[PDB]
Amino acid sequence: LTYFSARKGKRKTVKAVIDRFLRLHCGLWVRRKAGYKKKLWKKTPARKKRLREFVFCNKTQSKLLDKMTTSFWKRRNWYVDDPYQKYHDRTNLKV
Amino acid sequence: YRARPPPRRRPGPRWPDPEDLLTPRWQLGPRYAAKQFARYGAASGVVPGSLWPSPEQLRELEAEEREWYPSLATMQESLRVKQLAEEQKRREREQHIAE
Amino acid sequence: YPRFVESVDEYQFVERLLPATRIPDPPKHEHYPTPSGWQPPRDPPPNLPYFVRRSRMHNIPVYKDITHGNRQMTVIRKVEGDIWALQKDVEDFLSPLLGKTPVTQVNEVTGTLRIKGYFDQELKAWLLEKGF
Amino acid sequence: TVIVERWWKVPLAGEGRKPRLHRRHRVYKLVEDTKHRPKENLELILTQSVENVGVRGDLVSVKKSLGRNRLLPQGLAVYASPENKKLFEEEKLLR
Amino acid sequence: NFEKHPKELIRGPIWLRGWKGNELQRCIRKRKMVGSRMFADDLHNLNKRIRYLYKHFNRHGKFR
Amino acid sequence: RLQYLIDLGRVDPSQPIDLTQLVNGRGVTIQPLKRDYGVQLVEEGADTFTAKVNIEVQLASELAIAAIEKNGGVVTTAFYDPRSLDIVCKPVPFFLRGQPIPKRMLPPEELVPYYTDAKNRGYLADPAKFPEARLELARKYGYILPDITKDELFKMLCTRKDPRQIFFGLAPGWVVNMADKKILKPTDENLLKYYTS
Amino acid sequence: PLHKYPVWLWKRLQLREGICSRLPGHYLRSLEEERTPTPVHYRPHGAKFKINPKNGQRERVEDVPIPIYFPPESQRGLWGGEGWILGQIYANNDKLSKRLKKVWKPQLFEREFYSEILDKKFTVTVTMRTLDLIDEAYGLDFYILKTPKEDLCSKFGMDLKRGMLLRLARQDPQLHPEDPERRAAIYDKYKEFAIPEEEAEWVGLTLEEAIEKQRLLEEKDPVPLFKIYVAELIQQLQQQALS
RNA sequence: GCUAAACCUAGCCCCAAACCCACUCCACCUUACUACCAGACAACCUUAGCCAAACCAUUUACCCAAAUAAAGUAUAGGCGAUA
RNA sequence: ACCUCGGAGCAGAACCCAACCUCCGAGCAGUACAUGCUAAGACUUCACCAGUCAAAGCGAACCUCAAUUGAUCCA
Ligand SMILES: [Mg+2]
Ligand SMILES: [Mg+2]
Ligand SMILES: [Mg+2]
Ligand SMILES: [Mg+2]
């Protein structure tokens, strides 16, 4: 997507994925499940909590989002009071 | 063959012709003078006193910093007022729920 | 224009601010092993068919690598001399841990070893107790 | 003299360079026509005395229509300028 | 003693001095740097080239 | 890592440790354009630590503070602007520009409580309360509190910079020159009062 | 191949080399001023930096002038610091609608204007803004002499500027027959706007008529070679008689 | 064996640097290259669109004044493409 | 004529299986208001989107039906 720009000749990010998702330096992505703020009255508590809970993205669409956005969003960042410092790294992973 | 002499930079500052259009304007600007001074020492012939800002920029910078960058007393009293208002909100809401 | 009075006495702080360009050889600590697990190389070195040099930062040239995301290896970078005695030695050292002889790969051109599995801590401890 | 503002935002440019433009910036929007704005009477000093307005040396606020139409062209009244109000006050003190 | 970098050694165009790039990058650099000194037909066909190459590199090929 | 540094001997504990000294020892690279307002102290490595240094920092964890105070060192937090931090971590190019050293700014609308708190060793906080915080840290982590007033290098250990100053030797308004090495003051009352303000 | 200079330099290069090269420096400076006009068709931001309501951080802002179109009748008759606005707009101020070609034309008025310095009343097409700004300037001649060339943007206005400055620098009795006291009073009122005679002559002129005036001044019959030879021969004969 | 075949020059392309042009024998705006008579006649205006958006209707980079970097970040946007 | 979802046969016995194939339906309703919060492990309408079951703990007492329905932006 926009593999070369006319002003600098570089790749360009779509702000959509940035506003929708979040990348962890492990290579993973997370997302808020659809429909967590819609028609809650008919949805049962279990369903609505399943919708509230975050979730990851499989490898195909992970790699897709990676190709869509650029490296600035893949770099390591040291935020303050950001609860995801525990998740930007991976632990005890084989195979 | 004798090898050509090795390429060396132009010794001493490089003061371009000001009445020459293709020469950029950022050389004629004062910042280039400061760079040349700090690079080639006092040999540049540039006056040292020109490095510091004139009283015009002095007053402009003073005004803008007074306007945007507050003082420690103002900062601390603002924080005090904020925390006092938050305490008031907490107290009134909790006593309302209590009654 | 400003009066602009001059001084030179406060230049010591300036050349303190100025950085260096060569790694300073570390001081001679009265007691080793130095904290943080640092240990200088023994001198005189051991007379052997080979030898292992340190890096710029006076560390051991053992390193790691991950390839394809799953291949999980160590490497020895800059061994001088007979690499084959050394690969035999590491094989004899690491065979009992796995029950199998390692599958090392030697590039005697650059003098590098490339070995399966992570063993960096044991490798560096072995090289230290030999004093390279 | 109608006033307008750009519907789109202009990309910021340096003080030494002009800004880049585009038809997306050529598009405009009206804000105020400055003719429907309410009128504020202007101050003037009358030399000759007229009905219901004032007398010699007297200053008063009147309508732009009247002033531009009959007072100023006829040469009766003059503007309240710091050069002439001075002598008006001086002759007032004299009287 | 690092008094000069070898990239200022090469004698050549002003927009090709210690820099590499494909067609798009080269044409944009040309028009940005020395574009005002270009002749009419040259700048015209350069802009046409970068327009064609924009839409080519961005729309055409495999891997999309 | 700090123990590793002081053991390798590239950073000298004999002098006050500062962020510029860290960057010149290559202990940490910095990216001020990437809006990193400074450096944090990490709990990791509290054990096997015998530095005794007078470390200056921006952010500090209570465990690191306790460890360094047990070893006898000194902690000081000091907020920096983005441009102030970039000129700090690479001072030489600024000197190649030759402009006068700008004065630091005070913390923004949110960091003032932190940098004024004494538990966090705020350079705004009073010295009268630092003994108290040291006492509570010792009483918590169960280690005696070694008073540093006796050692010969208490001077070095308590050397600190006042606000609106970058380096211990230099101050704002000062100008430095390397070629024909010299240092310059304006000696104009207006500039002096400003740079002191 | 490429040019030595860019294209946008060629105008001032002609200005520096040619008949215009002999022009006086002050006129060249007035040409090469590039002074900003007073904004009429947009309220400029009060400051260079501003805190937007979205996020609580600083943002630099720079006003942007509108490309006003000034027909020739505006130059013929003083309108003011305004003119026809060309542009596009959306129907019913909705982005999600069709763009359309809009034009704004200010309301003109045929009005009288008298100046005691020139001693004549003119009929001109003007605007409410023109009237308001002359009123706040507290006098017509005051406005004309006080106004920035670009804010005036009227050839008629600059011609009046030229005439008034010429008369003030000349101190002519041509204006006031048998009224020297009124002459002196008015010249004392307008003394501070005065400038040199040559300056008042050159001001208010585009490059074409400037070079035309310069050509008319430089133009003359060339002196005969016969005459200059007679002169130099008389000089030589004086020298020989001396020796 | 014919038709044929072969050649190597004219010259040209990209750059760099450098700024550049005019018989001054006659004629040439009327039907141009035509020796010679009363007219009052003069310019100053958004580029649009294809195409992409898998239709299309808001929108869709095209320089205008230092190379690199900050940064394809802040931002804008049928918050989509994209800028 | 149809365009979504569900049940039955074709598809008889773990799963899946089409036709402008053969039949019946749905686009709600009723009762509570802990129809509260959190959590191991698993299924999954052949992808994704979605859709499902739920141990345990806190805090409390002492849901039925078969489909019974709708993404993002935006307001
Ligand atoms: Mg590798
Ligand atoms: Mg359109
Ligand atoms: Mg599935
Ligand atoms: Mg339960």
# chains A, B, ... in the order shown; residues from 1 in each chain; ligands from 1
call {"tool": "residues_around", "arguments": {"residues": "range 14-23 of chain E", "least_positions_apart": "3", "cutoff": "10 Å", "atoms": "only C-alpha atoms (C1' of nucleotides)", "output": "PDB file with N, CA and C atoms (P, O5', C5', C4', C3', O3' and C1' of nucleotides), in the first residue's frame"}}
result
ATOM      1  N   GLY A   9       9.712   9.297  -1.417  1.00  0.00           N
ATOM      2  CA  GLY A   9      10.060   7.994  -1.947  1.00  0.00           C
ATOM      3  C   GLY A   9      10.193   6.939  -0.872  1.00  0.00           C
TER       4      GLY A   9
ATOM      5  N   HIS E   5      35.087  12.755   3.775  1.00  0.00           N
ATOM      6  CA  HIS E   5      34.435  11.500   3.445  1.00  0.00           C
ATOM      7  C   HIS E   5      34.613  11.191   1.961  1.00  0.00           C
ATOM      8  N   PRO E   6      34.810   9.927   1.582  1.00  0.00           N
ATOM      9  CA  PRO E   6      35.019   9.614   0.160  1.00  0.00           C
ATOM     10  C   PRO E   6      33.840   9.950  -0.735  1.00  0.00           C
ATOM     11  N   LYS E   7      32.690  10.331  -0.179  1.00  0.00           N
ATOM     12  CA  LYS E   7      31.520  10.566  -1.015  1.00  0.00           C
ATOM     13  C   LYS E   7      31.565  11.931  -1.685  1.00  0.00           C
ATOM     14  N   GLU E   8      32.269  12.896  -1.097  1.00  0.00           N
ATOM     15  CA  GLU E   8      32.488  14.174  -1.759  1.00  0.00           C
ATOM     16  C   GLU E   8      33.609  14.109  -2.784  1.00  0.00           C
ATOM     17  N   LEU E   9      34.235  12.945  -2.952  1.00  0.00           N
ATOM     18  CA  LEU E   9      35.317  12.803  -3.916  1.00  0.00           C
ATOM     19  C   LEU E   9      34.787  12.683  -5.337  1.00  0.00           C
ATOM     20  N   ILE E  10      33.672  11.980  -5.513  1.00  0.00           N
ATOM     21  CA  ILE E  10      33.190  11.662  -6.850  1.00  0.00           C
ATOM     22  C   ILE E  10      32.728  12.931  -7.550  1.00  0.00           C
ATOM     23  N   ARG E  11      33.157  13.100  -8.797  1.00  0.00           N
ATOM     24  CA  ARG E  11      32.744  14.224  -9.624  1.00  0.00           C
ATOM     25  C   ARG E  11      31.550  13.795 -10.467  1.00  0.00           C
ATOM     26  N   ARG E  26      15.205   8.999  -7.854  1.00  0.00           N
ATOM     27  CA  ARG E  26      16.116   9.825  -8.630  1.00  0.00           C
ATOM     28  C   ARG E  26      15.396  10.993  -9.286  1.00  0.00           C
ATOM     29  N   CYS E  27      14.219  10.754  -9.864  1.00  0.00           N
ATOM     30  CA  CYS E  27      13.510  11.841 -10.531  1.00  0.00           C
ATOM     31  C   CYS E  27      12.989  12.867  -9.531  1.00  0.00           C
ATOM     32  N   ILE E  28      12.472  12.413  -8.386  1.00  0.00           N
ATOM     33  CA  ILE E  28      11.996  13.370  -7.395  1.00  0.00           C
ATOM     34  C   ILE E  28      13.160  14.190  -6.861  1.00  0.00           C
ATOM     35  N   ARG E  29      14.305  13.548  -6.624  1.00  0.00           N
ATOM     36  CA  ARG E  29      15.468  14.279  -6.145  1.00  0.00           C
ATOM     37  C   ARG E  29      15.919  15.305  -7.172  1.00  0.00           C
ATOM     38  N   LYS E  30      15.936  14.915  -8.446  1.00  0.00           N
ATOM     39  CA  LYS E  30      16.304  15.845  -9.506  1.00  0.00           C
ATOM     40  C   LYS E  30      15.396  17.065  -9.499  1.00  0.00           C
ATOM     41  N   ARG E  31      14.083  16.849  -9.544  1.00  0.00           N
ATOM     42  CA  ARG E  31      13.183  17.990  -9.648  1.00  0.00           C
ATOM     43  C   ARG E  31      13.187  18.825  -8.378  1.00  0.00           C
ATOM     44  N   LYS E  32      13.462  18.211  -7.232  1.00  0.00           N
ATOM     45  CA  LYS E  32      13.480  18.959  -5.984  1.00  0.00           C
ATOM     46  C   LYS E  32      14.732  19.808  -5.865  1.00  0.00           C
ATOM     47  N   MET E  33      15.858  19.297  -6.349  1.00  0.00           N
ATOM     48  CA  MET E  33      17.139  19.952  -6.158  1.00  0.00           C
ATOM     49  C   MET E  33      17.437  20.942  -7.274  1.00  0.00           C
ATOM     50  N   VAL E  34      17.379  20.480  -8.517  1.00  0.00           N
ATOM     51  CA  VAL E  34      17.763  21.267  -9.677  1.00  0.00           C
ATOM     52  C   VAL E  34      16.580  21.465 -10.622  1.00  0.00           C
ATOM     53  N   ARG E  49       6.893  11.288 -16.193  1.00  0.00           N
ATOM     54  CA  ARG E  49       7.563  10.062 -15.787  1.00  0.00           C
ATOM     55  C   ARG E  49       7.253   9.723 -14.338  1.00  0.00           C
ATOM     56  N   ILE E  50       7.355  10.704 -13.439  1.00  0.00           N
ATOM     57  CA  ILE E  50       7.127  10.385 -12.033  1.00  0.00           C
ATOM     58  C   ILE E  50       5.666  10.048 -11.799  1.00  0.00           C
ATOM     59  N   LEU E  53       5.292   6.496 -12.973  1.00  0.00           N
ATOM     60  CA  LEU E  53       6.010   5.591 -12.085  1.00  0.00           C
ATOM     61  C   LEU E  53       5.339   5.491 -10.728  1.00  0.00           C
ATOM     62  N   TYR E  54       4.784   6.592 -10.232  1.00  0.00           N
ATOM     63  CA  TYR E  54       3.948   6.530  -9.048  1.00  0.00           C
ATOM     64  C   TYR E  54       2.885   5.465  -9.223  1.00  0.00           C
TER      65      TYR E  54
ATOM     66  P     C H  15      20.534  14.810 -17.620  1.00  0.00           P
ATOM     67  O5'   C H  15      21.803  15.138 -16.716  1.00  0.00           O
ATOM     68  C5'   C H  15      22.929  15.808 -17.259  1.00  0.00           C
ATOM     69  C4'   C H  15      24.179  15.526 -16.467  1.00  0.00           C
ATOM     70  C3'   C H  15      24.900  16.735 -15.895  1.00  0.00           C
ATOM     71  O3'   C H  15      24.325  17.219 -14.694  1.00  0.00           O
ATOM     72  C1'   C H  15      26.463  15.320 -16.950  1.00  0.00           C
ATOM     73  P     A H  16      24.479  18.767 -14.297  1.00  0.00           P
ATOM     74  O5'   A H  16      26.050  19.021 -14.331  1.00  0.00           O
ATOM     75  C5'   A H  16      26.889  18.476 -13.327  1.00  0.00           C
ATOM     76  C4'   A H  16      28.325  18.901 -13.502  1.00  0.00           C
ATOM     77  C3'   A H  16      28.574  20.398 -13.572  1.00  0.00           C
ATOM     78  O3'   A H  16      28.613  21.011 -12.298  1.00  0.00           O
ATOM     79  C1'   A H  16      29.765  19.318 -15.302  1.00  0.00           C
ATOM     80  P     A H  67      19.075  21.489  -1.509  1.00  0.00           P
ATOM     81  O5'   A H  67      17.984  20.332  -1.451  1.00  0.00           O
ATOM     82  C5'   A H  67      17.900  19.459  -0.335  1.00  0.00           C
ATOM     83  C4'   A H  67      18.873  18.312  -0.436  1.00  0.00           C
ATOM     84  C3'   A H  67      18.632  17.168   0.539  1.00  0.00           C
ATOM     85  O3'   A H  67      17.652  16.250   0.085  1.00  0.00           O
ATOM     86  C1'   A H  67      20.896  17.801   0.635  1.00  0.00           C
ATOM     87  P     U H  68      16.690  15.508   1.136  1.00  0.00           P
ATOM     88  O5'   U H  68      17.698  14.854   2.180  1.00  0.00           O
ATOM     89  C5'   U H  68      18.497  13.742   1.813  1.00  0.00           C
ATOM     90  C4'   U H  68      19.222  13.162   3.001  1.00  0.00           C
ATOM     91  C3'   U H  68      18.360  12.821   4.205  1.00  0.00           C
ATOM     92  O3'   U H  68      17.704  11.572   4.080  1.00  0.00           O
ATOM     93  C1'   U H  68      20.275  14.008   4.916  1.00  0.00           C
TER      94        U H  68
END
call {"tool": "residues_near_ligand", "arguments": {"ligand": "ligand 1", "cutoff": "9 Å", "atoms": "only C-alpha atoms (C1' of nucleotides) and all ligand atoms", "output": "mmCIF file with N, CA and C atoms, in the first residue's frame"}}
result
data_model
loop_
_atom_site.group_PDB
_atom_site.id
_atom_site.type_symbol
_atom_site.label_atom_id
_atom_site.label_comp_id
_atom_site.auth_asym_id
_atom_site.auth_seq_id
_atom_site.Cartn_x
_atom_site.Cartn_y
_atom_site.Cartn_z
ATOM 1 N N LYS C 64 25.250 -15.643 20.387
ATOM 2 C CA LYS C 64 24.079 -16.443 20.084
ATOM 3 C C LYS C 64 23.506 -16.039 18.737
ATOM 4 N N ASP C 65 22.623 -16.888 18.225
ATOM 5 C CA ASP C 65 21.921 -16.577 16.993
ATOM 6 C C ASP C 65 20.632 -17.380 16.942
ATOM 7 N N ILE C 66 19.612 -16.756 16.366
ATOM 8 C CA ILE C 66 18.324 -17.381 16.120
ATOM 9 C C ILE C 66 18.022 -17.190 14.643
ATOM 10 N N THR C 67 17.740 -18.285 13.953
ATOM 11 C CA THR C 67 17.553 -18.269 12.511
ATOM 12 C C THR C 67 16.301 -19.054 12.159
#
call {"tool": "residues_near_ligand", "arguments": {"ligand": "ligand 4", "cutoff": "9 Å", "atoms": "only C-alpha atoms (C1' of nucleotides) and all ligand atoms", "output": "PyMOL selection string"}}
result
chain I and resi 54-57
call {"tool": "write_last_selection", "arguments": {"atoms": "N, CA, C and O atoms (P, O5', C5', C4', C3', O3' and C1' of nucleotides)", "output": "PDB file, in the first residue's frame"}}
result
ATOM      1  P     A I  54     -22.771 -22.633  30.416  1.00  0.00           P
ATOM      2  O5'   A I  54     -21.454 -23.004  31.228  1.00  0.00           O
ATOM      3  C5'   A I  54     -21.236 -24.334  31.669  1.00  0.00           C
ATOM      4  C4'   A I  54     -19.827 -24.534  32.168  1.00  0.00           C
ATOM      5  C3'   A I  54     -19.335 -23.527  33.193  1.00  0.00           C
ATOM      6  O3'   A I  54     -19.798 -23.786  34.506  1.00  0.00           O
ATOM      7  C1'   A I  54     -17.700 -23.789  31.528  1.00  0.00           C
ATOM      8  P     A I  55     -19.172 -22.989  35.751  1.00  0.00           P
ATOM      9  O5'   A I  55     -17.976 -23.920  36.235  1.00  0.00           O
ATOM     10  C5'   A I  55     -18.185 -25.308  36.424  1.00  0.00           C
ATOM     11  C4'   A I  55     -16.917 -26.014  36.819  1.00  0.00           C
ATOM     12  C3'   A I  55     -16.246 -25.535  38.093  1.00  0.00           C
ATOM     13  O3'   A I  55     -16.870 -25.999  39.275  1.00  0.00           O
ATOM     14  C1'   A I  55     -14.624 -25.739  36.413  1.00  0.00           C
ATOM     15  P     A I  56     -17.391 -24.935  40.360  1.00  0.00           P
ATOM     16  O5'   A I  56     -16.058 -24.195  40.814  1.00  0.00           O
ATOM     17  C5'   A I  56     -14.933 -24.950  41.231  1.00  0.00           C
ATOM     18  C4'   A I  56     -13.683 -24.113  41.322  1.00  0.00           C
ATOM     19  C3'   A I  56     -13.769 -22.865  42.175  1.00  0.00           C
ATOM     20  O3'   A I  56     -13.699 -23.137  43.562  1.00  0.00           O
ATOM     21  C1'   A I  56     -12.677 -22.353  40.153  1.00  0.00           C
ATOM     22  P     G I  57     -14.670 -22.361  44.579  1.00  0.00           P
ATOM     23  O5'   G I  57     -14.061 -20.892  44.641  1.00  0.00           O
ATOM     24  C5'   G I  57     -12.725 -20.686  45.068  1.00  0.00           C
ATOM     25  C4'   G I  57     -12.295 -19.253  44.889  1.00  0.00           C
ATOM     26  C3'   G I  57     -13.225 -18.199  45.466  1.00  0.00           C
ATOM     27  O3'   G I  57     -13.080 -18.022  46.863  1.00  0.00           O
ATOM     28  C1'   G I  57     -12.619 -17.583  43.278  1.00  0.00           C
TER      29        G I  57
END
call {"tool": "residues_near_ligand", "arguments": {"ligand": "ligand 2", "cutoff": "9 Å", "atoms": "only C-alpha atoms (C1' of nucleotides) and all ligand atoms", "output": "list in words"}}
result
residues 98 and 99 of chain G; 57, 58 and 59 of chain H
call {"tool": "write_last_selection", "arguments": {"atoms": "N, CA and C atoms (P, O5', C5', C4', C3', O3' and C1' of nucleotides)", "output": "PDB file, in the first residue's frame"}}
result
ATOM      1  N   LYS G  98     -21.506  18.655  -3.352  1.00  0.00           N
ATOM      2  CA  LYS G  98     -20.797  19.045  -4.559  1.00  0.00           C
ATOM      3  C   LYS G  98     -20.103  20.386  -4.396  1.00  0.00           C
ATOM      4  N   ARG G  99     -18.887  20.459  -4.920  1.00  0.00           N
ATOM      5  CA  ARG G  99     -18.128  21.695  -4.967  1.00  0.00           C
ATOM      6  C   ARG G  99     -18.618  22.568  -6.116  1.00  0.00           C
TER       7      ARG G  99
ATOM      8  P     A H  57     -17.103  10.545  -9.873  1.00  0.00           P
ATOM      9  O5'   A H  57     -18.056  11.118  -8.732  1.00  0.00           O
ATOM     10  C5'   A H  57     -19.101  12.025  -9.053  1.00  0.00           C
ATOM     11  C4'   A H  57     -19.730  12.646  -7.827  1.00  0.00           C
ATOM     12  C3'   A H  57     -18.965  12.477  -6.516  1.00  0.00           C
ATOM     13  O3'   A H  57     -19.101  13.670  -5.747  1.00  0.00           O
ATOM     14  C1'   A H  57     -21.147  11.652  -6.254  1.00  0.00           C
ATOM     15  P     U H  58     -17.965  14.802  -5.804  1.00  0.00           P
ATOM     16  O5'   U H  58     -17.451  14.907  -4.302  1.00  0.00           O
ATOM     17  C5'   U H  58     -18.095  15.777  -3.388  1.00  0.00           C
ATOM     18  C4'   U H  58     -17.355  15.862  -2.081  1.00  0.00           C
ATOM     19  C3'   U H  58     -15.846  15.968  -2.170  1.00  0.00           C
ATOM     20  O3'   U H  58     -15.390  17.270  -2.473  1.00  0.00           O
ATOM     21  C1'   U H  58     -16.427  14.369  -0.539  1.00  0.00           C
ATOM     22  P     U H  59     -14.230  17.470  -3.561  1.00  0.00           P
ATOM     23  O5'   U H  59     -13.080  16.484  -3.077  1.00  0.00           O
ATOM     24  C5'   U H  59     -12.461  16.667  -1.816  1.00  0.00           C
ATOM     25  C4'   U H  59     -11.621  15.478  -1.427  1.00  0.00           C
ATOM     26  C3'   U H  59     -10.432  15.181  -2.320  1.00  0.00           C
ATOM     27  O3'   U H  59      -9.311  16.002  -2.055  1.00  0.00           O
ATOM     28  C1'   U H  59     -11.612  13.191  -1.925  1.00  0.00           C
TER      29        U H  59
END
call {"tool": "residues_near_ligand", "arguments": {"ligand": "ligand 3", "cutoff": "10 Å", "atoms": "only C-alpha atoms (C1' of nucleotides) and all ligand atoms", "output": "PyMOL selection string"}}
result
chain I and resi 43-48
call {"tool": "select_by_dssp", "arguments": {"residues": "range 11-112 of chain C", "states": "strand (DSSP E or B)", "output": "list in words"}}
result
residues 34, 38, 50, 51, 52, 62, 63, 64, 65, 66, 67, 71, 72, 73, 74, 75, 76, 79, 80, 81, 105, 106, 107 and 112 of chain C
call {"tool": "write_last_selection", "arguments": {"atoms": "N, CA and C atoms", "output": "PDB file, in the first residue's frame"}}
result
ATOM      1  N   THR C  34      35.773 -10.060  39.528  1.00  0.00           N
ATOM      2  CA  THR C  34      35.101  -8.783  39.666  1.00  0.00           C
ATOM      3  C   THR C  34      33.587  -8.994  39.631  1.00  0.00           C
ATOM      4  N   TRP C  38      32.700 -10.462  35.682  1.00  0.00           N
ATOM      5  CA  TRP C  38      33.826 -10.134  34.821  1.00  0.00           C
ATOM      6  C   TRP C  38      35.102 -10.762  35.361  1.00  0.00           C
ATOM      7  N   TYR C  50      45.919 -23.668  19.908  1.00  0.00           N
ATOM      8  CA  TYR C  50      45.002 -22.608  19.527  1.00  0.00           C
ATOM      9  C   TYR C  50      44.996 -21.541  20.612  1.00  0.00           C
ATOM     10  N   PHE C  51      44.145 -20.537  20.424  1.00  0.00           N
ATOM     11  CA  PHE C  51      43.952 -19.486  21.411  1.00  0.00           C
ATOM     12  C   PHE C  51      42.731 -18.675  21.017  1.00  0.00           C
ATOM     13  N   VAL C  52      42.101 -18.064  22.016  1.00  0.00           N
ATOM     14  CA  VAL C  52      40.879 -17.293  21.833  1.00  0.00           C
ATOM     15  C   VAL C  52      41.121 -15.879  22.338  1.00  0.00           C
ATOM     16  N   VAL C  62      31.974 -15.419  22.525  1.00  0.00           N
ATOM     17  CA  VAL C  62      30.832 -16.323  22.450  1.00  0.00           C
ATOM     18  C   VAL C  62      29.593 -15.480  22.211  1.00  0.00           C
ATOM     19  N   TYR C  63      28.750 -15.913  21.285  1.00  0.00           N
ATOM     20  CA  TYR C  63      27.539 -15.173  20.974  1.00  0.00           C
ATOM     21  C   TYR C  63      26.446 -16.166  20.613  1.00  0.00           C
ATOM     22  N   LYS C  64      25.250 -15.643  20.387  1.00  0.00           N
ATOM     23  CA  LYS C  64      24.079 -16.443  20.084  1.00  0.00           C
ATOM     24  C   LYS C  64      23.506 -16.039  18.737  1.00  0.00           C
ATOM     25  N   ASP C  65      22.623 -16.888  18.225  1.00  0.00           N
ATOM     26  CA  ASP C  65      21.921 -16.577  16.993  1.00  0.00           C
ATOM     27  C   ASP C  65      20.632 -17.380  16.942  1.00  0.00           C
ATOM     28  N   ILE C  66      19.612 -16.756  16.366  1.00  0.00           N
ATOM     29  CA  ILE C  66      18.324 -17.381  16.120  1.00  0.00           C
ATOM     30  C   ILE C  66      18.022 -17.190  14.643  1.00  0.00           C
ATOM     31  N   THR C  67      17.740 -18.285  13.953  1.00  0.00           N
ATOM     32  CA  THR C  67      17.553 -18.269  12.511  1.00  0.00           C
ATOM     33  C   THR C  67      16.301 -19.054  12.159  1.00  0.00           C
ATOM     34  N   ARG C  71      15.788 -22.271  14.620  1.00  0.00           N
ATOM     35  CA  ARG C  71      17.177 -22.676  14.764  1.00  0.00           C
ATOM     36  C   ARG C  71      17.857 -21.807  15.808  1.00  0.00           C
ATOM     37  N   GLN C  72      18.491 -22.462  16.771  1.00  0.00           N
ATOM     38  CA  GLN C  72      18.776 -21.891  18.082  1.00  0.00           C
ATOM     39  C   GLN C  72      20.221 -22.243  18.413  1.00  0.00           C
ATOM     40  N   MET C  73      21.155 -21.333  18.136  1.00  0.00           N
ATOM     41  CA  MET C  73      22.560 -21.699  18.066  1.00  0.00           C
ATOM     42  C   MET C  73      23.434 -20.737  18.853  1.00  0.00           C
ATOM     43  N   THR C  74      24.627 -21.221  19.175  1.00  0.00           N
ATOM     44  CA  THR C  74      25.729 -20.415  19.674  1.00  0.00           C
ATOM     45  C   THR C  74      26.817 -20.324  18.616  1.00  0.00           C
ATOM     46  N   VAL C  75      27.767 -19.425  18.856  1.00  0.00           N
ATOM     47  CA  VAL C  75      28.903 -19.256  17.964  1.00  0.00           C
ATOM     48  C   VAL C  75      30.115 -18.819  18.768  1.00  0.00           C
ATOM     49  N   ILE C  76      31.274 -19.299  18.335  1.00  0.00           N
ATOM     50  CA  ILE C  76      32.575 -18.820  18.785  1.00  0.00           C
ATOM     51  C   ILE C  76      33.190 -18.083  17.608  1.00  0.00           C
ATOM     52  N   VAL C  79      38.652 -17.505  17.288  1.00  0.00           N
ATOM     53  CA  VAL C  79      39.683 -18.399  17.801  1.00  0.00           C
ATOM     54  C   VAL C  79      40.884 -18.390  16.865  1.00  0.00           C
ATOM     55  N   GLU C  80      42.077 -18.261  17.439  1.00  0.00           N
ATOM     56  CA  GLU C  80      43.325 -18.324  16.694  1.00  0.00           C
ATOM     57  C   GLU C  80      43.929 -19.719  16.789  1.00  0.00           C
ATOM     58  N   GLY C  81      44.472 -20.197  15.673  1.00  0.00           N
ATOM     59  CA  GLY C  81      45.196 -21.452  15.656  1.00  0.00           C
ATOM     60  C   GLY C  81      44.379 -22.655  15.234  1.00  0.00           C
ATOM     61  N   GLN C 105      29.718 -26.671  13.350  1.00  0.00           N
ATOM     62  CA  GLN C 105      30.122 -26.292  12.003  1.00  0.00           C
ATOM     63  C   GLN C 105      31.289 -25.329  12.123  1.00  0.00           C
ATOM     64  N   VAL C 106      32.402 -25.652  11.471  1.00  0.00           N
ATOM     65  CA  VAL C 106      33.634 -24.884  11.589  1.00  0.00           C
ATOM     66  C   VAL C 106      33.872 -24.151  10.280  1.00  0.00           C
ATOM     67  N   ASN C 107      34.162 -22.860  10.379  1.00  0.00           N
ATOM     68  CA  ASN C 107      34.646 -22.057   9.264  1.00  0.00           C
ATOM     69  C   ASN C 107      36.056 -21.625   9.644  1.00  0.00           C
ATOM     70  N   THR C 112      35.568 -19.589  12.912  1.00  0.00           N
ATOM     71  CA  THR C 112      34.344 -19.523  13.691  1.00  0.00           C
ATOM     72  C   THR C 112      33.776 -20.917  13.899  1.00  0.00           C
TER      73      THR C 112
END
